[PDB]
């Protein structure tokens, strides 16, 4: 089983290292024969003697071409002749790259920016995470002493907890009387003891939650301040910090650092992603949270530290439990893509597509297109195209609604119509498929590059969905529902990759052909169900639509819907298929992207409403939820109007807990890049002068107080709110939070804001 690959340099030569786990034993295989290379397209073969003489320099090393070789390849399915240029060290490629491209006889260069370790995995046909080997796992978490305005890791680490199959333990240097706590003398002894535990346990996988940005960087700064060699790698090395766009990433040589946070962010949809929220969302059970102020208070006063150790132990225990459930899913993704679990777990969906396309290109002798240059990148950014069809809904409260959905609409269109840049506007084909409105024709004689790969991906989704019904365990059901939704997003991201400005296989024509076909298929399906089956489409987005037959019972709508499904699916060709997704007793459609329906089991589902958004106060969400329940489940409009009146009364009388008035908004840039200033930005600028570091990703939690000026003038952070001296802006939360979230719903019954507010 291949776990990871990298390369080291021995006497100026690269040495590929393959970290493996075969027969329960860890092994490092070495390879000194793999040669870095990139391709070049020449105006004439006679010029190869000049390109061989082109040199460059990196550090104090002279870079030359080691060997050339003429190769017969394909570029988007067309025969092409390129020259394969070999080199000694992979770092020779970036040093000599542009000089070779700048030669007047070199048309272009190709495949010049592929990392050496990933190139090895592709060229040798190696698939990581392959086999039945059982990987040992060990999770850990840290608890630190934090104070406002201090530098990062200025205070010491207080506790280090770890968990595996043997249980969970906490190492700390203050005496805490608990059977799972090991007490040492100093912070240095604690870090050394944890380092020994890892060396003795020798886990293949180190599991963290946000270890890429906090736990590992905190341990590093603390180790260099205390002069500790943080030797965690199986080669005796220290954890290495890497840069991936905005955030950082930590790797441990010889092992797999599995950070759950990027995985959970791609797998589950939650309002907040604290460890306690993720744990309760997966295992249904609550987890207590202890904040850094209570940790610092308990440590410095010496009172209440058992509660802190319990929170630290549960942090490691829960992180291990979540790592166990989510590793096999990420391991399968590492097999589908063909890259190490470390990269696939934190990779964005764009690179998940491209890394697989790079592997498949090499398998089919297809020369890979280059990443766009600056001029082409800016050009791709400006241009856009039409997307999905969104119908202005029929507003009001409807009954006996069915939702009909297309099964993987965009992937089905790519396969059915062979939408691919190697088939777009090809010449000499016997059969073409022309996209509506945009007129792009596509060859059907042979399976296009991307379409020849989406079928298997869709097949795995149905295999997971089939096991997603035979299972009775809700835990297995949820994890399988999680995994199949992952495959749907990945398969759908193949369409988006066509419009991704950084995509190698960028195809704007392919992208708009997919959406143009999608718009035609749903518009046709809507017209058919209304003309030939007497339905009334109430709302429609990109791949699905709600509909009903007015003045008909639930049974009539169900049988007629199933009948229309037989009709329209016989007309729809290829992989285009409409499914019966659900029936709903009542439904409300506020506007585009804003709806709410209740199924026959009294379960309410909403789309786009304030109930889902995290930038709205809790009192507004709580109020909107109760209103929707009174309308969808009880059908009592006066009870819903009543509820809004009680809330506006309780707010006006200051009887609502200020906790439900907190507004959460994320800072999306540096505080200097803000052209306009709002309540959360104005508060964040106050938090900077108070000592809190503000950066993109920082969530600002503020509350609006009764006062003068703009809302930003009245906004203060919640941690500064004292209910003894501050009276919140009851008028603001009435007029700007509760009332707007419910007025657009209750307007369909004739009610205005004046009829709902308290007087």
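Residue numbers count along the first chain shown, from 1.
Of the two segments, 53-61 and 29-37, the one listed with the higher mean B-factor is 53-61 (C-alpha atoms only). Relative to its counterpart among 564-572 and 672-680, 672-680 has the higher mean temperature factor, C-alpha atoms as listed in the PDB entry. Within the listed group 141, 318, 480, 138, the record reports its top CA B-factor for 480. Comparing the listed residues 273, 385, 162, 517, the entry records the largest Cα B-factor for 273. Sorting the modelled residues of the chain by their CA temperature factor places residue 13 in the middle third. Sort the chain's modelled residues by C-alpha temperature factor and residue 731 lands in the middle third, per the entry.
Ranked by C-alpha B-factor against the other modelled residues of its chain, residue 119 falls in the lowest third. When the CA B factors of the chain's modelled residues are split into thirds, the value for residue 447 lands in the middle one. Ranked against the other modelled residues of its chain, the C-alpha B-factor of residue 740 as given in the entry falls in the middle third.
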